[PDB]
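Trainee: pasting the sequence and an experimental structure:
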Amino acid sequence: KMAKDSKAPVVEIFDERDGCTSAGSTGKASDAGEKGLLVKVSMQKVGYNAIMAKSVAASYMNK
Amino acid sequence: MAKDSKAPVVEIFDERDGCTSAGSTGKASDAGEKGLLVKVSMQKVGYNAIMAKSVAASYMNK
Amino acid sequence: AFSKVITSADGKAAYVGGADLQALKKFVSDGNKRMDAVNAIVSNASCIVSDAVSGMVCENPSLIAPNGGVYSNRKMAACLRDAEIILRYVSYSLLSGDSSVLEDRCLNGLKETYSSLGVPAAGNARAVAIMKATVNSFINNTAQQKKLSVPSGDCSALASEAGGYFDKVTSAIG
Amino acid sequence: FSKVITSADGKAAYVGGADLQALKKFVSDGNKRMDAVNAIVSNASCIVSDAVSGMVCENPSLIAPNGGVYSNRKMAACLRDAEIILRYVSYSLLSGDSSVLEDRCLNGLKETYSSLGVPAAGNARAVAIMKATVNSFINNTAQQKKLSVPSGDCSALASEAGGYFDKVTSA
Ligand SMILES: *CCC1=C(C)C(=O)N/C1=C\c1[nH]c(/C=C2\N=C(C[C@H]3NC(=O)C([C@H](*)C)=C3C)C(C)=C2CCC(=O)O)c(CCC(=O)O)c1C
Ligand SMILES: *CCC1=C(C)C(=O)N/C1=C\c1[nH]c(/C=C2\N=C(C[C@H]3NC(=O)C([C@H](*)C)=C3C)C(C)=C2CCC(=O)O)c(CCC(=O)O)c1C
Ligand SMILES: *[C@@H](C)[C@H]1/C(=C/c2[nH]c(/C=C3N=C(/C=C4\NC(=O)C(CC)=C4C)C(C)=C\3CCC(=O)O)c(CCC(=O)O)c2C)NC(=O)[C@@H]1C
Ligand SMILES: *[C@@H](C)[C@H]1/C(=C/c2[nH]c(/C=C3N=C(/C=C4\NC(=O)C(CC)=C4C)C(C)=C\3CCC(=O)O)c(CCC(=O)O)c2C)NC(=O)[C@@H]1C
Ligand SMILES: *[C@@H](C)[C@H]1/C(=C/c2[nH]c(/C=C3N=C(/C=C4\NC(=O)C(CC)=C4C)C(C)=C\3CCC(=O)O)c(CCC(=O)O)c2C)NC(=O)[C@@H]1C
Ligand SMILES: *[C@@H](C)[C@H]1/C(=C/c2[nH]c(/C=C3N=C(/C=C4\NC(=O)C(CC)=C4C)C(C)=C\3CCC(=O)O)c(CCC(=O)O)c2C)NC(=O)[C@@H]1C
Ligand SMILES: *[C@H](C)[C@H]1/C(=C/c2[nH]c(/C=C3N=C(/C=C4\NC(=O)C(CC)=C4C)C(C)=C\3CCC(=O)O)c(CCC(=O)O)c2C)NC(=O)[C@@H]1C
Ligand SMILES: CCC1=C(C)/C(=C/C2=NC(=C\c3[nH]c(/C=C4\NC(=O)[C@H](C)[C@H]4CC)c(C)c3CCC(=O)O)/C(CCC(=O)O)=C2C)NC1=O
């Protein structure tokens, strides 16, 4: 049966081939043959977003 | 000026509808101001590659 | 590598680069285009979810009235949460090239969960349909405001595949 | 707040209850001011993106090769700065004065930008667009995104926020 923990796979795609470098750009995986490229996946709880909930309630009638 | 790229992050809380979470208690007294809180912290403003790429590709579209 | 972090569900990330990434993109179909298609979803996640739930409500304001599916901030927030959960399981299906995790961890028993809470199926199906349409445009880079810069070519097989994952959600909601 | 502003270490100050009653008592329009601040900060990403995008669409020389925001690196730095500035303006509106904005954000910023070659006209226009967008959000007159608050007149707070942007423009 489905999980009940509100967790979902958060996929992040990294393409830093333009050269712009930050601390996280180095050391998270080997880069051989794929310089500047990385896929990251983690399981994270999807948290409630009060600001967005309030915004939709007030704004939904505007495309 | 500072040189740490940090700015005051102000958050406004209004939970008077009664919807609470773990963070809704214990951070301050609520006497006389149920459901209401101002939070301020200094945080580095980080570079946002997704937004930078989006603006470069999309700026001509209002 | 990804199956392990999904099964542990403990928050630690898997990072795929280098030789592992080269192999991943040869194992899935249309591997480089698939990376771009996934980015088209996840980098727009907040836009996709907000617009879909907003459209669900604008087409049926009874949903926000008392007794409605998203009446009160609490219920609207739970609905925006679910839309993002669903979208993210779809995104992982597109990364991995199959729907097993979506079907097993997200959808199995979901109709009964929603039935017993009175989460309305018509509005739910519509939110999913709007996400499906929005994702299709982003994958094809045909959205009207936000654009993605990628090498020119065709991604219609990937777009169809993403649509099929949304159809599995629709068929789970009933 | 002064303690957390000076420590600048990420520890938060939480103001509720009697402390919040006192905060509001000593500034004008205390409750409306909380709403006006929320109108800025809850829209921060919208405000920054739209302002930098408009700066470029009106002046694409800024994104030509070697231009002010050409390359993702430079665009990202500019979006960062727009948010930094916006957030110091938001804190000025919360606290009722511009001392921290002027001292921690603006003092020496003109020379910093001039020596990096960051264009003054582009900076001015990004600030002007943020000023206009903030004015609409405070007054709840934006076209798409709305804020639900008790009906009334926030003209004074809107003018005060505009004055803080004017301090940025002067710098
Ligand atoms: C984040 C929003 C966005 C940006 C930015 C962008 O460039 N495209 C975006 C979204 C997008 N939306 C659709 C399709 C639909 N959106 C809605 C909801 C809104 N329509 C309303 O009537 C309404 C309340 C007044 C809304 C809120 C709907 C209904 C659709 C159509 C769904 C369908 O059945 O086809 C798309 C896809 C089409 C396109 O490219 O414009 C996109 C990309
Ligand atoms: C997140 C964006 C947003 C939502 C959602 C919403 O409901 N309102 C929003 C933004 C907003 N923008 C303005 C004012 C301006 N924005 C621009 C930039 C765009 N104009 C372009 O020509 C362009 C490139 C093609 C853009 C990007 C500009 C120039 C302005 C006007 C600034 C001025 O000199 O007055 C506002 C305020 C006006 C209004 O209420 O509509 C808002 C709320
Ligand atoms: C219900 C599910 C709604 C929702 C709530 C929600 N709140 C938070 C976080 C915070 N809420 C407060 C408010 C207070 N804390 C107090 O101690 C007091 C009394 C003085 C109040 C009024 C605060 C300060 C936070 C931040 C907590 C922190 O800084 O650590 C969240 C986020 C998760 C959390 O519990 O921290 C959520 C989800 N959100 C919604 O969308 C529903 C409408
Ligand atoms: C330059 C300032 C541009 C920019 C960069 C930026 N990147 C990140 C975060 C990450 N980048 C990667 C990429 C890799 N890590 C690796 O080890 C490899 C080789 C295999 C790559 C390609 C990753 C994984 C991250 C996230 C790290 C994590 O999950 O902890 C950031 C965020 C801050 C940071 O340094 O982590 C930034 C700022 N951003 C921009 O806007 C500029 C265009
Ligand atoms: C549909 C999705 C859109 C489209 C896609 C498209 N992409 C390519 C080529 C490449 N895309 C990448 C991207 C990545 N590879 C990675 O490993 C990562 C990080 C995880 C990313 C973001 C790459 C590397 C290529 C190869 C070429 C290059 O290096 O630039 C194509 C070209 C055809 C192909 O199969 O290679 C296409 C068509 N293009 C569109 O127009 C659609 C809107
Ligand atoms: C311009 C900003 C918009 C506007 C504002 C407006 N607000 C009120 C009344 C109140 N607003 C609050 C909100 C808070 N107080 C807090 O301490 C916090 C948390 C930090 C918040 C979010 C409160 C408590 C009130 C008092 C009324 C109530 O009990 O809800 C008014 C009414 C006049 C007044 O000064 O009270 C107005 C006009 N209204 C608009 O139409 C502008 C778009
Ligand atoms: C965007 C509207 C404009 C733009 C911005 C831009 N700024 C920089 C570099 C810096 N910006 C700052 C500003 C601050 N640092 C702080 O710590 C604070 C307060 C906490 C502020 C206000 C600083 C110090 C720098 C230099 C150091 C750094 O890079 O962070 C750049 C990079 C310039 C370069 O070529 O290296 C850019 C692009 N640029 C534009 O063209 C727009 C008009
Ligand atoms: C990780 C996988 C996972 C999924 C899929 C999941 C779904 C899920 N959605 C729920 C509730 C909910 N889901 C919604 C969603 C909506 N309401 C509407 O009207 C719209 C049609 C829709 C948004 C599009 C709402 C409002 C609730 C709360 C129902 C209530 O309390 O009455 C619940 C009941 C428990 C809870 O409130 O958290 C579950 C288990 N939980 C999980 O852990």
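Mentor: Good, I have the coordinates. Numbers count the residues shown, from 1 in each chain, chains lettered A, B, ... in the order given. Ligands and ions are numbered 1, 2, ... in the order given.

Trainee: in the longest helix that chain C contains, what's buried?
Mentor: Across chain C, the helix with the greatest residue count (assigned by DSSP state H) is helix C:72-96. Neighbour counts over helix C:72-96 (16 or more other CB atoms under 10 Å in any protein chain shown) mark C:72-96 as buried. Using the backbone N, CA and C atoms, a C-beta is placed for each residue, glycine as well.

Trainee: and for stretch A:3-22?
Mentor: Buried residues in stretch A:3-22 (16+ other CB under 10 Å): A:3, A:7-14, A:16, A:20.

Trainee: does it reach ligand 4?
Mentor: Yes - Stretch A:3-22 is in contact with ligand 4 by CB under 6 Å from any ligand atom, via A:14, A:16, A:20-22.

Trainee: residue C:30: which of the residues you listed is nearest?
Mentor: Comparing those against residue C:30 with CB to CB picks out residue A:14 as the nearest, at 19.1 Å.

Trainee: how far is the helix or strand harbouring the closest one from where the chain is centred?
Mentor: Assigned by DSSP states H and E, residue A:14 falls within strand A:7-15. Relative to the centre of its chain, strand A:7-15 is centred 4 Å away, using CA atoms, centre = their mean, to the nearest Å.

Trainee: next: stretch C:135-145.
Mentor: With CA atoms, centre = their mean, you get 14 Å for stretch C:135-145.

Trainee: ends of it, what's the gap?
Mentor: End-to-end distance for stretch C:135-145, by CA to CA, to the nearest Å: 14 Å.

Trainee: and what of stretch A:39-51?
Mentor: End-to-end distance (CA to CA), stretch A:39-51: 29 Å.

Trainee: in chain A, which residue is closest to the centre?
Mentor: Centroid-nearest residue in chain A, with CA atoms, centre = their mean: residue A:12, separated by 4.5 Å.

Trainee: residue ranges of the strands in chain C, please?
Mentor: Along chain C, counting by DSSP state E, strands occupy C:14-16.

Trainee: point to the residue nearest the middle of it.
Mentor: Note: chain C centre (CA atoms, centre = their mean) maps to residue C:87, 1.8 Å.

Trainee: taking chain A, what residue is nearest to ligand 1?
Mentor: residue A:63 (4.6 Å; CB to the nearest ligand atom).

Trainee: contact partners for that residue?
Mentor: C:58, D:144 (CB atoms under 8 Å, 6 or more residues apart in numbering or on different chains).

Trainee: do the same with residue C:21
Mentor: Counting by CB under 8 Å, 6+ apart, residue C:21 touches A:29, A:34, A:37-39.

Trainee: ok, 7 Å please
Mentor: Counting by CB atoms under 7 Å, 6 or more residues apart in numbering or on different chains, residue C:21 makes contact with A:34, A:37-39.

Trainee: helix, strand, or coil at residue A:42?
Mentor: Here residue A:42 is recorded as strand under DSSP: H, G, I helix; E, B strand; the rest coil.

Trainee: burial check on the residue of chain C found nearest ligand 5, number of neighbours?
Mentor: Nearest to ligand 5, among the residues of chain C, is residue C:153, at 2.3 Å (CB to the nearest ligand atom). Per other CB atoms under 10 Å in any protein chain shown, the neighbour tally for residue C:153 reads 9.

Trainee: distance check, the closest residue to it other than its chain neighbours against chain B.
Mentor: The shortest distance from residue C:153 to any non-neighbouring residue, by CB to CB, 6 or more residues apart in numbering or on different chains, is to residue C:33 (7.1 Å). According to CB to the nearest CB, to the nearest Å, residue C:33 and chain B sit 17 Å apart.

Trainee: isn't residue C:33 right up against residue C:155?
Mentor: Yes - taking contacts as CB atoms under 7 Å, residue C:33 lies within contact range of residue C:155: 5.3 Å.

Trainee: who are the contact partners of the closest residue to residue C:17 other than its chain neighbours?
Mentor: With sequence-adjacent residues excluded and distances taken as CB to CB, 6+ apart, residue C:17 is closest to residue A:29, at 3.4 Å. Counting by CB under 7 Å, 6+ apart, residue A:29 makes contact with A:38, C:15-18.

Trainee: most widely separated two among those residues?
Mentor: C:15 and C:18 (9.8 Å).

Trainee: of the two, which one has the most company?
Mentor: Ranked by neighbour count (other CB under 10 Å), residue C:15 and residue C:18 place residue C:15 first, with 20 against 17.

Trainee: residues from chain C in reach of ligand 4?
Mentor: Where chain C comes near ligand 4, counting by CB under 6 Å from any ligand atom, the residues are C:13, C:15, C:17-18.

Trainee: just the ones of those in helices?
Mentor: residue C:18.

Trainee: would a markdown table of the residues of chain C next to ligand 4 with distance to residue C:165 be doable?
Mentor: Converted to a markdown table, the residues of chain C next to ligand 4 look like this (distance: CB to CB, whole Å):
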| residue | distance to residue C:165 |
| --- | --- |
| C:13 | 23 |
| C:15 | 24 |
| C:17 | 26 |
| C:18 | 28 |
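
Trainee: TSV for the residues of chain C next to ligand 4, including distance to ligand 1?
Mentor: As requested, those are arranged in TSV below (distance: CB to the nearest ligand atom, whole Å):
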residue	distance to ligand 1
C:13	26
C:15	28
C:17	30
C:18	34
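
Trainee: of all the residues of chain C next to ligand 4, which comes closest to residue C:104?
Mentor: Distances from residue C:104 to the residues of chain C next to ligand 4, taken by CB to CB, are shortest for residue C:13, at 21.3 Å.

Trainee: hang on, isn't the closest one packed against residue A:40?
Mentor: Yes - in this structure, residue C:13 is within contact of residue A:40 by CB under 7 Å, at 5.3 Å.

Trainee: ok, back up a step: off-centre distance for the longest helix of chain C?
Mentor: 7 Å.

Trainee: and what of stretch C:43-60?
Mentor: Relative to where its chain is centred, stretch C:43-60 has its mean C-alpha point 12 Å off (CA atoms, centre = their mean).

Trainee: so does it get close to ligand 2?
Mentor: No - judged by CB under 6 Å from any ligand atom, stretch C:43-60 and ligand 2 are separated, with a smallest distance of 10.1 Å.

Trainee: send the alpha carbons of that stretch over as CSV?
Mentor: C-alpha atoms of stretch C:43-60 as CSV (Å, rounded to 0.1, in the frame of the first residue of the first chain):
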residue,chain,number,x,y,z
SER,C,43,12.5,23.5,-11.9
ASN,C,44,8.8,24.6,-12.4
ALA,C,45,7.3,22.6,-9.6
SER,C,46,5.9,25.4,-7.5
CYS,C,47,4.4,27.1,-10.8
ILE,C,48,2.8,23.7,-11.9
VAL,C,49,1.2,23.0,-8.5
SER,C,50,-0.1,26.5,-7.9
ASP,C,51,-1.6,27.0,-11.3
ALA,C,52,-3.2,23.6,-11.3
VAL,C,53,-4.9,23.9,-7.9
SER,C,54,-5.8,27.5,-8.7
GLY,C,55,-7.5,26.3,-12.0
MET,C,56,-9.3,23.5,-10.1
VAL,C,57,-10.8,26.2,-7.9
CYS,C,58,-11.5,28.8,-10.5
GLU,C,59,-13.5,26.3,-12.5
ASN,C,60,-15.4,25.2,-9.4
